[PDB]
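Chains, contacts and geometry: an overview
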Amino acid sequence: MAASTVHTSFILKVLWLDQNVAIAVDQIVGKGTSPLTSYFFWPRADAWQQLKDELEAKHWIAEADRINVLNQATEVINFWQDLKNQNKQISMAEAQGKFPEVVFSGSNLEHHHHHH
C-alpha cells in the first residue's frame, strides 16, 4: 500500500489554579488527539522537568517537537511566576491572548483521581 509519512504534532494544555499551575501535552492522531502526558502541578512538582522527561522517555518524539512545546511551556511558567510576584490578577482570556496554540482548563472536575 502507498503509505505516506504523517507528523504527529503535539498540543500543550495548561490547568490554571489559584496559587498553582499544571501542564499536559496531547499527540495529534489521524482521527483527532490523544492524551500524551498528564497535568504536572507546578511549582508543587517539577512540571517542566517531568514534561520533558516524558518526551525524552517517549523516544518517538523528535528534538524539534519536544523543544517547541518546552519553549511555550517555559513561557507559560515564566508568565505565571511573573503574575505570582506582581499579583496582576489577570484573566484566563489574557493568557489565551499570549498563548494561541495552548489549551487552558480549570480544576472544576476531579483530576486527583487518576483517570487521565
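Structure determination for this PDB entry was carried out by solution NMR, as recorded in the header.

Another aspect to go through is the packing of aromatic side chains. The full count for this structure, using the stated rule, is five aromatic pairs. Ring geometry for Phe79 against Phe99: centres 5.8 Å apart, planes inclined by 85 degrees, an arrangement best described as edge-to-face. Of this pair, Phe79 sits in helix 2 (residues 63-86) while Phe99 sits in the loop between helix 3 (92-96) and strand 5 (103-105); the two residues are 20 residues apart in sequence, bridging distant segments of the chain. With 6.3 Å between their ring centres and 20 degrees between their planes, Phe99 and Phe104 make a pair best called stacked. Neither residue differs from the other here; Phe99 and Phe104 are each classed as buried.

The next point concerns the packing of helix 1 (residues 47-57) against helix 2. Axis separation between helix 1 and helix 2 bottoms out at 11 Å; the angle between their running directions is 170 degrees. When the axis of helix 1 is compared with that of helix 2, the two are roughly antiparallel. Here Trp48, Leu51, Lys52, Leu55 and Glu56 of helix 1 lie close against helix 2, whose contacting residues are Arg66, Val69, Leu70, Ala73, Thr74 and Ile77. Taken together, the residues of the contact of helix 1 with helix 2 sort by class into seven nonpolar, one polar and three charged.

About the cut-offs
- Residues numbered from 1 in each chain as written, not as in the entry; some residues may be left out.
- Heavy atoms only, no water.
- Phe/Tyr/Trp six-rings, centres within 6.5 Å; stacked < 30°, edge-to-face > 60°.
- Helix = DSSP H or I, 4+ residues; strand = E, 2+ residues; numbered from the N terminus.
- Buried < 20%, exposed > 50% of the residue type's maximum accessible area, 1.4 Å probe, protein only.
- Axes fitted to C-alpha atoms, helices over the stretch in contact; angles between N-to-C directions.
- Parallel < 35°, antiparallel > 145°, perpendicular 65-115°, else oblique.
- Contact = heavy atoms within 4.5 Å.
- Nonpolar A, V, L, I, M, F, W, Y, C, P; charged D, E, K, R; others polar.

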